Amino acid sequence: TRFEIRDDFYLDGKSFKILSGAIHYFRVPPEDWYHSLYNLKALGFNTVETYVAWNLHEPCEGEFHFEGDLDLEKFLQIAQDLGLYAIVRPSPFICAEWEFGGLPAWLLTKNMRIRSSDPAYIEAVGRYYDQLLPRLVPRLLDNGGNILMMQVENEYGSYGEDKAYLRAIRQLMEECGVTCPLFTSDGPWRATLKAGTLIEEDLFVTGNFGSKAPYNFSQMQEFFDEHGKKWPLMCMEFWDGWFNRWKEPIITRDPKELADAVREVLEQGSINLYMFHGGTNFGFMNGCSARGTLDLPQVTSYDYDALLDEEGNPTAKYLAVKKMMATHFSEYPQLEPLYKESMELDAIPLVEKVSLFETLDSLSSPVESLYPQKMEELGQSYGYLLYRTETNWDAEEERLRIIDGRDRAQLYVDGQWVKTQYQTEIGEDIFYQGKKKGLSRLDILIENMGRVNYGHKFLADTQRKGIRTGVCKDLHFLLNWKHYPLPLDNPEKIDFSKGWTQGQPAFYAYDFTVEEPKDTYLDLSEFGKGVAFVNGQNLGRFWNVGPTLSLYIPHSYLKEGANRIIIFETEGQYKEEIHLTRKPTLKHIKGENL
C-alpha cells in the first residue's frame, strides 16, 4: 500500500507529516468548495478532513441523498484535483456541533439503543454504510483516489466504553471495503483514551485538544508506551477557535497564540485543524449543548473563529498560521490566498406578507389523532410543529398547561397570542378567557431548536421534540388534535395571496435585483425570532438575543436578476424594509472578546 501507519506515517516508503484542515462539505456551498480547498492548499497544508453527516444523507429511513450540496464524492474530487489528500470521518455519530450529533432523528422512534452494540442499531448503520462506503472505496489512495484513512466512531471515550460497539463499526467498515488504515480520536487523558479506543486490537489512536501539544502528546505517548505501541502522534481535532451559543458572548482566540500552538503540534507530529473553514449550519441543522438538565442551543453561524471566516475569507488567524508555516515549515510551498468580495443593499421593500395560520393548508398536511403526537412520531425531524384543537371554555377563566413539551411553545386562542414559553418555562400555568359558546381554536406552535449532540443528554427524554405528555385544561388532558408539521423545506408553498394579521407568526417577502451576485449578510437585528429563505433556500435561524444578528447569504444562493428573501418571524416584529450588509451584525454581550 502507498500509505502505512508504522512507527511513523509513511507515504510511498517515506516518512510523512499530515497537515490537515477540517472543512465540512455540508457546511460550505458546493460553489465554494474549490475556494475553501484552494485556501487550505495555499497555506502549505496537504490534507483535508471532513465528517460525513448521516442525518443529511439518510434524512428519512431508506431515502438516500448524495448529490448537490451533499455530493461528497465531488468534494473529494475537487480536493484530489488540488493535490490534497483526504481523511474521512464517516461515523454514525459525529458530534460536530450538529443536530443530534449527526444521527437521523427517525432513529428516535425505533426499538433500539442508539450508539451502542445493540444489533438493531448496528444494522441501521450497516444499511447506511452499504450506500455510503462503496462511494468512498474507489477514492482510497490505493485505488487511485486521495483518502488516506478513516475514523471509527468519534470521541467515543466521551460517551461510553462498549468495546463490542467499536469493534462492530470497525468490522462494518472493513466488510464494506474500507481497506485504508482506520483510527479513533479522543481526549488525550487516561479515562477517554481507555474508553474510546481499541488500542489492544491495534487500532490507531489520535487525540483531540486545543493547546498544550507537548503535554497532551506526552499523555498519548505514555498511553502508547503502556501498550507497547510505536506510533506517530497526531492531533485529529486541534480546536483552533470556539463555537457560539444563543445569548452567550462571542469569544475569539489570538491569531499569534493559535499559530504558536499549531507550531508545537507540528514540531512533534501531525495535525488536523478544527476548523479550517467552519461555514454555516444552514436550515435547522445546528446542534445543542447541555448543562445538567438544561439545553443550550448553538447558533446558525459556524464561523468558529476558524482560519477562514464563515464566508471563506482568510482571517488574521489564517495569516498568522501562514507566517508560521513560511518560517518553520518552509519545505511546504504556499500560494497567495483567495478572497471573495461581499456586497450591501439598502432599503429592500416588503412586497407581500401572510400569516402562518392563513397559509397552513398549502404548507402542511394535517395529521389527526385523539392523543397528541411527538415530532418524530409524526415523521418530522426538523422545524416547527403546530398543534391544533378546539375546546369549549367551561369557566370565565381557565388554566392551560403544556405537559412535557420542547423546545419552545407559543400558544394562541382564536388567533390571539396568549403566551410564549421556552424550555423550563413550558409547563407553567397559563390563564385565558375563551368563547362564551361553541368551540375556541387552541393553537400551539412548537419549535425544535436543535437536539443535543453529545454527552449525558444525548438520549435524554427531551430529545424527542413536541408535546410528549399532553396539554391540560383545568385538570384534564385535551383530546382531538390536528398536527401540522412545518419543516419549512417548501417555501414555494407559502401562499402570499392569503390574509395577514399583526401579532401572529407570519411570512414576509422582499424582492430585489442583483446584477452580479456576491456574498452578503441579511441584517435581522430588528426582527424577533424565526428563519429566513433566499430564493427558496433556508438560510437558518435568527434570534434577536444574539450574539449573531445576521444570516450569511453565499453568493451562490443569489441569482442574476430577480431575487426574493422570505422571513418567517414568530414574535410579531414587522418591518417594511430590510437591508443586506457587507459584514455580519453582532450583539455585544458582557464577557465577549472580539
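Counting begins at 1, following the sequence as shown.
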{"query": "Stretch with the higher entry mean CA B-factor, where the candidates are 279-287 and 426-434", "finding": "426-434"}
{"query": "Greater mean Cα temperature factor according to the PDB record, 303-311 or 222-230", "finding": "222-230"}
{"query": "Peak C-alpha temperature factor (PDB record), options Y121, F357, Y384, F93", "finding": "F357"}
{"query": "Options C472, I271, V125, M149 - largest CA temperature factor per the record", "finding": "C472"}
{"query": "Where the record places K559 (Cα B-factor, split into thirds across the chain)", "finding": "highest"}
{"query": "Ranked against its chain, the third holding the CA B-factor of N216", "finding": "middle"}
{"query": "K17 - which third its CA temperature factor falls in, relative to the rest of the chain", "finding": "middle"}
{"query": "Within-chain third of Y34 by Cα B-factor, per the entry", "finding": "lowest"}
{"query": "Third of chain Cα B-factors occupied by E67", "finding": "highest"}
